[PDB]
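Report on the structure
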There are 2 protein chains.
Amino acid sequence: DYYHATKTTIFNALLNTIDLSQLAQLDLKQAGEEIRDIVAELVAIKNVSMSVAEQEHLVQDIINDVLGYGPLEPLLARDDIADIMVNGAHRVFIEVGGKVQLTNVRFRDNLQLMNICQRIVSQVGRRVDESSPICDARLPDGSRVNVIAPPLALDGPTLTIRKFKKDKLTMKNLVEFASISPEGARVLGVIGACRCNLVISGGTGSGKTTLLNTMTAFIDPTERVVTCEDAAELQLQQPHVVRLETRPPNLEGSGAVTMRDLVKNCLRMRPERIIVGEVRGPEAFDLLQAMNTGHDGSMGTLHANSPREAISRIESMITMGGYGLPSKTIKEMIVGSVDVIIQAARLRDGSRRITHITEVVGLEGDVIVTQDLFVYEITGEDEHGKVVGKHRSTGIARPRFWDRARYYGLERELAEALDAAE
Amino acid sequence: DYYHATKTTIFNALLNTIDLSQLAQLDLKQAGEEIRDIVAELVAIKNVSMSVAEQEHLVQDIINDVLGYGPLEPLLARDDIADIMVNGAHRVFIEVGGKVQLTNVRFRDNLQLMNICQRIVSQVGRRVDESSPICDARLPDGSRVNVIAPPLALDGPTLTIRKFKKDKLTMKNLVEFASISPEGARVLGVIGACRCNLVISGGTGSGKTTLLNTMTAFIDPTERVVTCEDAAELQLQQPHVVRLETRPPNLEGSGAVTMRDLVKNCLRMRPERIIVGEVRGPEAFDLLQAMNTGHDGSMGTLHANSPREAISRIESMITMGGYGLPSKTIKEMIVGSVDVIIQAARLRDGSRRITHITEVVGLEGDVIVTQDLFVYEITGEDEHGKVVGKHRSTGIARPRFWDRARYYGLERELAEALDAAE
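Residues numbered from 1 in each chain as written, not as in the entry; some residues may be left out. Chains lettered and ligands numbered in written order. Part of a larger assembly, values for the part shown. Heavy atoms only, no water. Residues with missing side-chain atoms left out of burial classes, pairs and counts.

**Section: the overall build of chain A**
Across its full length, chain A carries 14 helices and 15 strands. The C-alpha extent of chain A, read off along each of the three principal axes, is 85 × 55 × 40 Å. Of the contacts made within chain A by residues no fewer than 6 positions apart, 52% connect residues no fewer than 24 positions apart. (Helix = DSSP H or I, 4+ residues; strand = E, 2+ residues; numbered from the N terminus. Contact = heavy atoms within 4.5 Å.)

Pasting the structure below:
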């Protein structure tokens, strides 16, 4: 059909007629109306017109290209779409029905794709270009975006969009999915109930956010909780929860409110527990204060592949925080602050499981000595490729946080769970 | 004689006839239709004695020079011409039958050659100039292009086309060169398929990268593959491959993005498989996580003479990563990640062969226990000094990856190849 060729010719004529700079002062609807006027002018110049509905569709396509997210607009609007992948202007894939598929959709040129990516990542004030060719960002519409610039992506800019889904699991789901043994369920319930400084470290795809939500589920209703998170991922059912969200900087590089500022404030809001959506910067240091300067029971999500790795991440983050903290001082602070680390990882089969429940015991020389309470042991692969394994307790009768369990009257529960966990 | 002068005059007239925008916007056929008429009118005005076929040839040459690839185009269209090498406007070489021969065809001047180079690299959206004197690209057709600007090339641009040599390095190439016995070839075909993690270790000059490219050919087309390389060399026929590259820092020591960052981001890019051109530093850690966290079937080359040395090198690379992992944790990670190792070596005679195909069996105490599926036993030498050897199957009929082949149904082929090798 000539619809594609005619649309391309009309787009070229519009480009030769006006420039995007003339529409940067208009809103989405005002820009669309101005583009419709420009399209009428271009049709008059070229004396080419067609069906009114088809002309309106072409005008909408032109608006999307000029101001929207390009040919991605018809795709993002869909719901059966799981993920969108772009490997250059000439190829795009979509995850439908849980499987990848190549679509006929296409871009015009790599520069157009780069501009679209710049728009998408600037929606949250971030910029991807030759200076910072690698970018990861969050679409507050409920998705995650990755972009690589041409200097790294040899075949032009590469883009990936991953959409949301309301997982919102509960501990029953984890128990039934074998992510944690029922004895582990009791142990974790005790740990959460009795205000134990807790860090939920996990690898990519481990769903550590869901684990954090189900952990917070145990918090006593009477405790005033203030949650800091870069998005609204968490959803607590307590009656006295304060929900805060960081504000990404505008394009002018102003108005930013980073995790560090939110945690610093929360220190001054009289919270019974400070809960961080994800530790990703210097805020860790401030968070650690919240774990020891009273406020016992604070939690925090972290990206790491193992408890020792997570401790290393925390130490490195505090170090890069700009403070001249002596190395041993950071280790002492971590040892005195954290009371438990929970490791969540995705095994080769793709299932999420709580590999480690560990408690920081102390500091020896310059190494943080920790003892594992629960560990997941793998034993083989089944017929359908599923990983086979079981949770076993190290048998430690009295973990370091035992005192807190005594204070909250949970000695019996903790002892039972630890003993029967074998 | 007079044909050249008439063509030059017609080219000048066409260049002065209309702005470059009109030619650029017009389609190749659309522009050529008017260009032929313009050339015919110019010839008639000049009243140059020429034939209708000669007129068509002149029109085609004018189109090629003005908007095409100039005198280089006829070489491109040919099939026998595998590689083309222009050492400035006055020297053109072609690789035919594996031999390099100079050809009389030469460009008008270095300026025309630079223009043609820019046009060629524009297809992929890349642009070369005195500010970016070096350019490399892989055109959609699959032919590679390397271009250098005059400020570096002290005798004019150095265009280099390398057309797609399909089936150049497929497994048949290794088998017929005695780099691997046919049974080893079948086993490798099963191993690349079946999505088994690999680490292609090899000594100096063992052709690790060539073997890796051969292995990747077994990937299922639908699998989304991401390749990280220090320098872009790999080329995968698979239709859904994403290519990356590490950017070194400026001389000031800033702006670098090393392999670690690319591998980390690969986890965010939702890849079915991740391929690392060469593992040398901390990235060995991150890569293993990809091998361990559901991105099975990943691959990565390594510099080691024997599988045991390869595993020792992986341990050292992880340890130098700066993370405070204990030795047992690193060994457990390795044994859980790398299913199979291939040790390729350059023998004393200079031949290249796959010395070992081994499978990481387990971890006992503090030692990684491995078994060799295939071993190249040396037996002597010929009067020419060539080394003689045979690929021997160790007789391990059930490698621990056997169950995965059962999942993919390759159990029959695996057992047959293992038993028939002797």
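**A look at the UniProt feature "binding site: ADP 3" (unreviewed entry) in chain A**
All names here are of chain A. Here the UniProt feature "binding site: ADP 3" (unreviewed entry) sits at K165, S179, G205, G207, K208, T209 and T210. Structurally, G205 is set in the loop between β7 (198-202) and α8 (208-216). Excluding anything up to four places from it in sequence, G205 contacts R346 and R352. Considering the arrangement of structural elements, one finds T210 in helix α8. In contact with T210, not counting residues within four places along its chain, are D167, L169 and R352. (UniProt positions renumbered as here; feature names shortened; annotations may be inferred.)

**Here's the deal with the UniProt feature "binding site: ADP 1" (unreviewed entry) in chain A**
Within this structure's numbering, the places UniProt gives as "binding site: ADP 1" (unreviewed entry) are A:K165, A:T204, A:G205, A:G207, A:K208 and A:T209. Tracing the sequence through the fold places A:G207 in the loop between β7 and α8.

**Remarks on the sheet that holds strand β6 (residues 160-162) of chain B**
Residues and elements named next belong to chain B. Taking strand neighbours across the sheet as the criterion, the six strands line up as β3-β2-β1-β6-β5-β4 in an open arrangement whose pairing is antiparallel. Every other strand in the sheet has two partners, leaving β3 (99-103) and β4 (134-138) as the edge strands with one partner each. Taken pair by pair, the neighbouring strands of this sheet meet at an average axis angle of 15°, ignoring direction. When β4 meets strand β5 (residues 144-148), the two strands line up antiparallel, connected through five bridges. Note on β5: the bridge partner recorded for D136 is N146. Against the sheet, helix α6 (residues 110-122) touches β1 (83-86), β4 and β5, its axis set at about 140° to β5. (Pairing = 2+ DSSP bridges. Axes fitted to C-alpha atoms, helices over the stretch in contact; angles between N-to-C directions.)

**What to know about the environment of A:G277**
Position of A:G277 relative to the elements: it lies in strand β10 (residues 273-279). Residues contacting A:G277, with those up to four places away along its chain left out, are A:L212, A:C228, A:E229 and A:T301.

**Some words on the interface of chain B and chain A**
Contacts between chain B and chain A engage 39 residues on the former and 36 residues on the latter. Of all the secondary-structure elements, those providing two or more residues to the side of chain B that touches chain A are β9 (241-243), α10 (259-268), α11 (283-292), α13 (327-337) and α14 (402-408) of chain B. Residues of the side of chain B that touches chain A, tallied by class, amount to 15 nonpolar, 12 polar and 12 charged. (Nonpolar A, V, L, I, M, F, W, Y, C, P; charged D, E, K, R; others polar.)

**Brief notes about the environment of A:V175**
Residues and elements named next belong to chain A. Following the sequence through the fold, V175 ends up in helix α6 (residues 171-176). Along the primary structure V175 and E33 are separated by 142 residues, whereas in three dimensions their C-alpha atoms are 56 Å apart. Look past the residues within four positions of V175 in its chain and what remains in contact with it is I180 and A185.

**Quick notes on the sheet that holds strand β15 (residues 387-393) of chain A**
All names here are of chain A. Taken in spatial order, the nine strands line up as β9-β8-β10-β11-β7-β12-β13-β14-β15 in an open sheet, and their pairing is mixed. Lying at the two open borders of the sheet, with one neighbouring strand each, are β9 (241-245) and β15. Along the sheet, successive strands turn relative to each other by an average axial angle of 20°, direction set aside. As defined by bridge partners, β7 adjoins strand β11 (residues 299-303) across five bridges and the pair is classed as parallel. In the strand pairing of β11, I200 is matched with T301.

**Let's talk about the packing of aromatic side chains**
Ring geometry for A:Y407 versus A:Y408: centroids 5.5 Å apart, planes at 85°, classification edge-to-face. The aromatic ring of A:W402 is capped on one face by A:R398, whose charged end is 4.7 Å from the ring centroid. (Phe/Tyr/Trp six-rings, centres within 6.5 Å; stacked < 30°, edge-to-face > 60°. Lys NZ or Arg CZ within 6 Å of the ring centre and 35° of its normal.)

**Focus on the pairing of β3(B)**
Residues and elements named next belong to chain B. Note: strand β2 (residues 92-96) against β3, five bridges, orientation antiparallel. Paired with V92 across the strands is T103, a residue of β3. Remark: two residues form the turn of the hairpin made by β2 and β3, two consecutive strands paired antiparallel; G97 in that turn has positive phi of roughly 60°.

**Considering the pattern of salt bridges**
The partner of A:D136 in a salt bridge is B:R268, and the shortest N-O contact between them spans 2.9 Å. In this pair, A:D136 is assigned in strand β4 (residues 134-139) and B:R268 in helix α10, connecting two distinct chains. Among the salt bridges present, the one from B:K165 reaches B:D83, with a minimum N-O distance of 3.1 Å. You can see B:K165 sitting in the loop between β6 and α7 (171-176) and its partner B:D83 sitting in strand β1, a full 82 residues away along the chain. Residues joined in a network through salt bridges with shared partners are A:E95, A:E381, B:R195, B:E223, B:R270, B:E272, B:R273, B:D296 and B:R404. (Salt bridge = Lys/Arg side-chain N within 4 Å of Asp/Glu carboxyl O.)

**Examining the packing of helix α11 (residues 307-320) of chain A against helix α12 (residues 327-337) of chain A**
Residues and elements named next belong to chain A. One can describe the packing of α11 onto α12 by two numbers: an axis separation of 10 Å at closest approach and a directional angle of 130°. Accordingly, the angle class assigned to the pair α11 and α12 is oblique. Judged by the sense of rotation from one axis to the other, the crossing of α11 with α12 is right-handed. Mapping the contact onto sequence places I311, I314, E315, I318 and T319 in α11 and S327, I330, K331 and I334 in α12. Of the residues belonging to the contact of α11 with α12, the class tally is five nonpolar, two polar and two charged. (Parallel < 35°, antiparallel > 145°, perpendicular 65-115°, else oblique. Left-handed = near helix turned anticlockwise from the far one by under 90°.)

**What to know about the packing of helix α7 (residues 182-193) of chain A against helix α14 (residues 411-420) of chain A**
Residue and element names in this part refer to chain A. With their axes 8 Å apart at the nearest point, α7 and α14 run at an angle of 150° to one another. Of the possible angle classes, the one that applies to α7 and α14 is roughly antiparallel. Crossing of α7 against α14: the hand is left-handed. Side by side, α7 and α14 meet where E183, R186, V187 and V190 of the first sit next to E413, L414, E416, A417, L418 and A420 of the second. Counted by class, the contact of α7 with α14 contains six nonpolar, no polar and four charged residues.

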